[PDB]
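**Student:** Residue numbers (the UniProt record's numbering), protein chains in the order written: chain A, 3 to 56, 216 to 268, 308 to 353, 393 to 483; chain B, 187 to 297; chain C, 155 to 196; chain D, 16 to 73; chain E, 252 to 314; chain F, 195 to 360, 519 to 578; chain G, 194 to 226; chain H, 356 to 369, 387 to 456; chain I, 415 to 456.
So that we are looking at the same thing, I have put the structure below in structure tokens.
Here it is, written out as structure tokens:
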């Protein structure tokens with residue numbers, strides 16, 4: 003995944019109304035119990051999903226089982242660890258714990313380690329201080345691979400979307416209730432509001448009609464439209480700025 | 187749009203220009219009102235060029251048609267490209283006044 | 155104390171959209187177009 | 016259609032504003048939009064699916 | 252003059268007008284976090300003109 | 195807004211007037227986010243703290259949750275060591291949700307914001323480490339998420355390539529915040545709720561320190577506190 | 194790109210200095226994203 | 356303001389309901405005797421949408437259960453996997 | 415209304431019986447599992 007959430011075009015988890023009279027429904031809070039039940043179940047599952055991982218010729222045959230699961234060690238790196246050929250990540254961790262046991266960092309003060317006899321033997325260095333980044337870098341060098349045989353001589396998204404779609408249908412009927420309800424509360428100041436706003440929305444939708452193809456190519460925009468007055472009055476302003 | 191019937195318009199416009207461009211340049215008039223002026227043998231009556239001016243306003247306006255188109259392109263796309271600073275019912279609409287407010291939101295500073 | 159000073163260059167673009175992504179390219183050219191003319195004064 | 020315009024928002028508001036006033040006078044029917052979302056045979060099928068989920072979980 | 256003839260293939264005069272009544276308005280941004288994050292803040296709205304419900308309702312009455 | 199964020203029938207908000215109220219409270223939270231550091235002497239019954247934790251239990255805006263968390267973090271700056279609104283008004287329904295946002299691995303600004311308020315919460319540490327390590331899911335999410343948040347967006351040397359043949521030298525932004533709270537959680541002395549947590553996490557952190565050599569310079573106070 | 198004539202307690206260069214401090218932050222904010 | 360090709364345009368190329393509704397609402401807001409007839413008309417319509425409301429809500433409780441039942445069987449797997 | 419009312423009245427009893435029974439079986443699976451989790455960490 004990303005470092006940011008992924009935006010989507012279908013709605014995601016639409017709201018539930020609370021101004022609805024719950025004496026009639028009596029199921030919003032019980033449905034609310036299901037959502038916090040599902041989220042806690044989703045909380046435990048996502049925590050569990052996070053916590054489940056937290216001339217004489219020679220015979221040379223490149224075998225089938227050449228694998229890096231048991232990778233070979235250098236003999237210096239072998240005796241500092243103790244194991245013969247375990248792995249590369251166990252080689253890093255046993256090296257890091259061996260420095261942490263001997264307390265070589267400090268008593308960069310933590311990057312520079314106090315190079316002991318074995319640490320100078322396994323790295324073939326002779327400094328007194330050396331950073332741990334270059335210490336673990338040679339572990340990538342000090343490990344050799346295993347030698348071959350030598351012989352010489393979903394549905395939940397659409398279920399969520401349907402639930403998101405059905406919750407949108409719930410938001411419609413709740414708002415359709417409350418308008419007539421507040422119109423039953425006040426028939427005056429929602430119809431005066433209606434007769435103004437529907438008149439205002441009739442104005443806004445009728446603000447884009449004189450901008451068609453053959454409506455501008457003809458001359459019934461400029462000539463005699465002082466009743467319009469909208470354009471052909473800006474020519475005293477648009478020419479004064481050089482817009483032409 | 188519809189460029190099939192757009193050629194059928196411009197084929198009548200170019201029909202008219204090629205018909206105006208075959209008239210002789212020495213075209214003159216004669217009104218029935220010159221007998222009150224008593225024109226002599228050489229008097230140069232002032233009604234001689236009342237057909238010649240009208241035939242050249244017609245011929246030259248049929249060539250500056252794409253010239254007023256460019257001005258009307260620069261006129262319509264200058265008065266309508268704003269559309270919400272002069273028109274009152276559009277700048278007093280809820281969605282436009284909120285959007286002009288929303289684009290002027292300055293960024294929040296962290297700490 | 156009065157100081158008749160020139161106001162700052164305010165990026166007022168002719169066509170006025172409402173989504174932000176059609177503004178940043180002209181505003182970044184404005185920041186290049188204003189700070190480079192301001193750097194030479196220093 | 017994924018975006019909305021100022022033309023699209025006002026047409027969405029005005030069509031929704033005129034239909035609620037068209038219900039008080041009842042010169043529109045709006046019966047197809049009622050019973051298809053009620054769907055009382057689905058509502059008992061919702062109940063019967065709730066009734067079997069009592070029986071299955073007990 | 253430098254005028255072109257009006258029997259030119261530009262005789263259109265309305266091609267890229269784009270009235271501001273057809274401009275796209277910033278609406279609510281429904282986000283997605285994962286498949287098993289149902290306690291995340293499901294959307295984002297910084298300067299949106301409409302709410303997520305009516306923008307979903309417009310989506311419902313279109314899809 | 196507390197009438198609607200709780201859902202109170204007191205002042206039932208008209209559905210036609212909701213859009214006028216949505217952008218209105220968006221700029222109110224921005225004003226509250228900027229002046230919260232000047233009311234940093236927060237009171238016990240701080241009405242701004244009391245309402246905002248009731249608002250935080252309601253919204254689904256990613257931006258609004260961030261602005262509430264930044265205000266509450268910057269309201270509790272110079273609070274106390276004994277008694278302010280942090281110790282009691284966190285009703286553990288909010289407090290179990292802030293730790294739950296660390297499970298949101300896709301987002302990362304919400305991880306930083308949930309870590310920063312809890313860091314501002316944990317700074318007394320007396321009634322705070324014990325409160326943050328209280329429940330069977332708040333003291334248990336951090337046992338899995340907080341060790342995993344150290345190697346967030348950090349190029350660990352991989353071994354799937356090394357198993358199928360047939519070093520980052522850096523940190524991230526949230527890893528610097530993750531070691532900062534965990535070292536202060538290692539400063540939970542006398543083996544309270546933090547060092548007893550910090551002893552069952554030290555066997556897991558030691559595997560992370562071998563892959564990232566910048567995790568040796570960091571987590572120094574933690575390694576001194578084991 | 195619209196200028197203005199106004200009165201200020203700062204002189205012209207300090208406004209240009211305040212323009213330097215304001216535009217450089219906006220330059221760093223916009224180039225980063 | 357010159358019609359030049361306007362003849363060539365003309366050569367080649369040769387509601388009431390909601391007005392009376394807006395008239396009728398103007399009549400309802402004069403006599404308040406109709407406002408009671410309109411409020412009581414809206415209130416049974418308000419009751420009509422209440423019956424519309426819970427018939428959707430009684431579907432949502434059911435549909436939440438099967439999606440939850442998708443996570444019971446997911447949770448019941450962890451009874452055996454963790455105990456392994 | 416009557417066919418709607420018949421399955422709007424019986425349903426809420428079947429709603430709140432099932433949701434409460436869902437609260438029983440889920441929390442019983444929780445307390446079994448959150449105690450099985452503790453025996454792992456030892």
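Positions of the beta carbon are idealized from the N, C-alpha and C atoms, including for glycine.
Any Cβ of chain J within less than 8 Å of the Cβ of residue 48 of chain D?
**Tutor:** Here the protein chains are A, B, C, D, E, F, G, H and I, and chain J is not one of them.
**Student:** Can you grab the Cα-Cα spacing for the pair residue 311 of chain E / residue 410 of chain A, in whole Å?
**Tutor:** Here the question's residue 311 of chain E lines up with position 60 in the fifth chain. Here the question's residue 410 of chain A lines up with position 171 in the first chain. Taking the straight line joining both Cα atoms gives about 11 Å.
**Student:** Give the DSSP bridge partners of residue 329 of chain A, in chain order.
**Tutor:** The residue you call residue 329 of chain A lines up with position 129 of the first chain. BP columns for residue 329 of chain A point to A:314.
**Student:** Among G:200, G:202, G:206, G:226, which one has its Cα closest to the Cα of residue 192 of chain C?
**Tutor:** Locating residue 192 of chain C in the third chain gives position 38, where the first residue counts as 1. When each option's Cα is compared against that of residue 192 of chain C, the closest is G:206.
**Student:** What are the start and end residues of each continuous alpha helix (DSSP H) run of 4 or more residues lying completely inside the region 418-448 of chain I, in chain order?
**Tutor:** Within the region 418-448 of chain I, no complete alpha helix (DSSP H) run reaches 4 residues.
**Student:** For the alpha helix (DSSP H) containing residue 199 of chain G, list its first residue and its last residue.
**Tutor:** Here residue 199 of chain G refers to the residue found at position 6 when the seventh chain is read from its first residue. Careful: residue 199 of chain G lies outside any alpha helix (DSSP H), inside the beta strand (DSSP E) at 198-200.
**Student:** Count Cβ pairs between the region 169-176 of chain C and the region 286-296 of chain E that sit closer than 8 Å; are there 3 or more?
**Tutor:** Touching, no.
**Student:** Are any of the Cβ atoms in chain I nearer than 8 Å to that of residue 433 of chain H?
**Tutor:** Along the eighth chain, one-based indexing puts residue 433 of chain H at 61. Chain I contact via Cβ: present.
**Student:** Mind listing which residues of the region 435-450 of chain I have their C-beta closer than 8 Å to chain D's C-betas, in chain order?
**Tutor:** Correct list: 435, 436, 439.
**Student:** Here's a check: name, in chain order, each residue in its chain whose Cβ is nearer than 7 Å to the Cβ of residue 277 of chain B, leaving out the five neighbours to either side.
**Tutor:** Your numbering for residue 277 of chain B matches position 91 in the second chain. Cβ within range, chain order: 270, 271, 283.
**Student:** Confirm the yes/no value for this check: CB of residue 445 of chain H, any heavy atom of the ligand FAD, distance under 7 Å.
**Tutor:** The model on display carries no ligand, and the ligand FAD is accordingly not part of it.
**Student:** Leaving out five residues before and five after residue 429 of chain A in sequence, what residues of the same chain have Cβ atoms less than 8 Å from its Cβ?
**Tutor:** Here residue 429 of chain A corresponds to residue number 190 of the first chain, with the count starting at 1. Only 418, 421, 422 meet the Cβ criterion.
**Student:** With distances taken between CB atoms, is the gap from residue 230 of chain F to residue 256 of chain F smaller than 8 Å?
**Tutor:** Counted from its first residue, the sixth chain places residue 230 of chain F at position 36. Counted from its first residue, the sixth chain places residue 256 of chain F at position 62. No, Cβ-Cβ distance for residue 230 of chain F and residue 256 of chain F is not below 8 Å.
**Student:** Using the Cβ count rule (16 or more neighbours within 10 Å means buried), how would you classify residue 440 of chain A?
**Tutor:** Residue mapping note: residue 440 of chain A aligns to position 201 of the first chain, counting from 1. Residue 440 of chain A should be labelled buried.
**Student:** Would you please verify whether the beta carbon of residue 284 of chain E is less than 8 Å from any beta carbon of chain C?
**Tutor:** Taking the first residue of the fifth chain as 1, we reach residue 284 of chain E at position 33. Taking Cβ atoms only, chain C never reaches closer than 8 Å to residue 284 of chain E, which makes this a no.
**Student:** So residue 199 of chain B is in the alpha helix (DSSP H); what residue range does that whole segment cover?
**Tutor:** Along the second chain, read from residue 1 onward, the residue named residue 199 of chain B stands at position 13. Where residue 199 of chain B is concerned, the enclosing alpha helix (DSSP H) stretches over 190-206.
**Student:** Out of B:199, B:187, B:267, B:232, which one is the CA nearest neighbour of residue 247 of chain B?
**Tutor:** Within the second chain, residue 247 of chain B is the residue found at index 61, counting from 1. Nearest C-alpha to residue 247 of chain B: B:199.
**Student:** Along the region 18-29 of chain D, what residues have a CB closer than 7 Å to any CB found in chain B?
**Tutor:** So the close ones are 21, 24.
**Student:** Given this structure, state the Cα-to-Cα distance separating residue 413 of chain A from residue 12 of chain A, to the nearest angstrom.
**Tutor:** If you number the first chain from 1, residue 413 of chain A lands on position 174. If you number the first chain from 1, residue 12 of chain A lands on position 10. Going from the Cα of residue 413 of chain A to the Cα of residue 12 of chain A covers about 21 Å.
**Student:** Give a yes or no on whether 8 Å exceeds the smallest Cβ distance from residue 452 of chain A to chain B.
**Tutor:** Residue mapping note: residue 452 of chain A aligns to position 213 of the first chain, counting from 1. Closer than 8 Å to some Cβ of chain B, the Cβ of residue 452 of chain A qualifies, so yes.
**Student:** Measure the C-alpha to C-alpha separation of residue 252 of chain A and residue 239 of chain A and round it to an integer number of angstroms.
**Tutor:** Sequence index remark: in the first chain, residue 252 of chain A carries index 91 (1-based). Sequence index remark: in the first chain, residue 239 of chain A carries index 78 (1-based). Rounded to whole angstroms, residue 252 of chain A to residue 239 of chain A spans 9 Å at the Cα level.
**Student:** Please classify residue 334 of chain A as buried or exposed, where buried requires at least 16 neighbouring CB atoms within 10 angstroms.
**Tutor:** Taking the first residue of the first chain as 1, we reach residue 334 of chain A at position 134. Flag for residue 334 of chain A reads exposed.
**Student:** Given that residue 359 of chain H touches chain B, what residues does it touch there, using C-beta distances under 8 Å?
**Tutor:** Reading the eighth chain from its first residue, position 4 is the one you call residue 359 of chain H. Going along chain B in sequence order, the residues near residue 359 of chain H (Cβ under 8 Å) are 247, 248, 251, 254.
**Student:** I need the straight-line Cα distance from residue 28 of chain D to residue 444 of chain A, nearest angstrom please.
**Tutor:** Here residue 28 of chain D refers to the residue found at position 13 when the fourth chain is read from its first residue. Here residue 444 of chain A refers to the residue found at position 205 when the first chain is read from its first residue. Looking at the two C-alpha atoms, the distance is approximately 10 Å.
**Student:** Can residue 447 of chain H and residue 47 of chain A be called in contact, C-beta distance under 8 Å?
**Tutor:** Position 75 of the eighth chain holds residue 447 of chain H. Position 45 of the first chain holds residue 47 of chain A. In contact: residue 447 of chain H and residue 47 of chain A (Cβ atoms closer than 8 Å).
**Student:** So is residue 260 of chain B in contact with chain A if we call contact Cβ pairs under 8 Å?
**Tutor:** Your numbering for residue 260 of chain B matches position 74 in the second chain. By this cut-off, residue 260 of chain B is an interface position.
**Student:** Going by the DSSP bridge assignment, what does residue 221 of chain A pair with across the sheet?
**Tutor:** Stepping through the first chain from its first residue, residue 221 of chain A is reached at position 60. DSSP lists A:350 as partners of residue 221 of chain A.
**Student:** Is there at least one Cβ from chain A nearer than 8 Å to residue 252 of chain E's Cβ?
**Tutor:** Taking the first residue of the fifth chain as position 1, residue 252 of chain E is located at position 1. Chain A, which has no Cβ nearer than 8 Å to the Cβ of residue 252 of chain E, makes this no.
**Student:** Within 10 angstroms of its Cβ, does residue 427 of chain H collect 16 or more other Cβ (buried), or is it exposed?
**Tutor:** Against the eighth chain, residue 427 of chain H aligns to sequence position 55. So residue 427 of chain H counts as buried.
**Student:** Looking only at C-alpha atoms, which of C:179, C:185, C:181, C:178 sits nearest to residue 212 of chain G?
**Tutor:** For the purposes of this step, residue 212 of chain G is identified with residue 19 of the seventh chain, where counting begins at 1. The residue with the shortest Cα to Cα distance from residue 212 of chain G is C:185.
**Student:** Taking the alpha carbon of residue 297 of chain E as the reference point, which residue from E:313, E:285, E:284, E:280 has its own alpha carbon closest?
**Tutor:** For this step, residue 297 of chain E is matched to residue 46 along the fifth chain. Residue E:280 is the option with its Cα nearest to residue 297 of chain E.
**Student:** Listing by chain order, which chain B residues have their CB less than 8 Å from the CB of residue 268 of chain E?
**Tutor:** Residue numbering aside, residue 268 of chain E sits at position 17 when the fifth chain is read from its first letter. Ordered by position in chain B, the residues that pass the 8 Å Cβ test against residue 268 of chain E are 262, 263, 266.
**Student:** Please compile the residues from chain I whose C-beta is within a distance smaller than 7 Å of the C-beta of residue 32 of chain A.
**Tutor:** Within the first chain, residue 32 of chain A is the residue found at index 30, counting from 1. Result: 429, 430, 433.
**Student:** Hey, is the region 157-170 of chain C in contact with the region 194-201 of chain G, meaning 3+ C-beta pairs nearer than 8 Å?
**Tutor:** They touch, by the three-pair rule.
**Student:** Rounded to a whole number of angstroms, what is the C-alpha to C-alpha distance between residue 217 of chain F and residue 328 of chain F?
**Tutor:** To locate residue 217 of chain F, count along the sixth chain from 1; it is residue 23. To locate residue 328 of chain F, count along the sixth chain from 1; it is residue 134. Computed Cα separation, rounded: 38 Å.
**Student:** May I have a chain-ordered list of the alpha helix (DSSP H) segments no shorter than 4 residues that lie completely inside the region 540-575 of chain F?
**Tutor:** List check, alpha helix (DSSP H) in window: 547-551, 554-563, 566-569.
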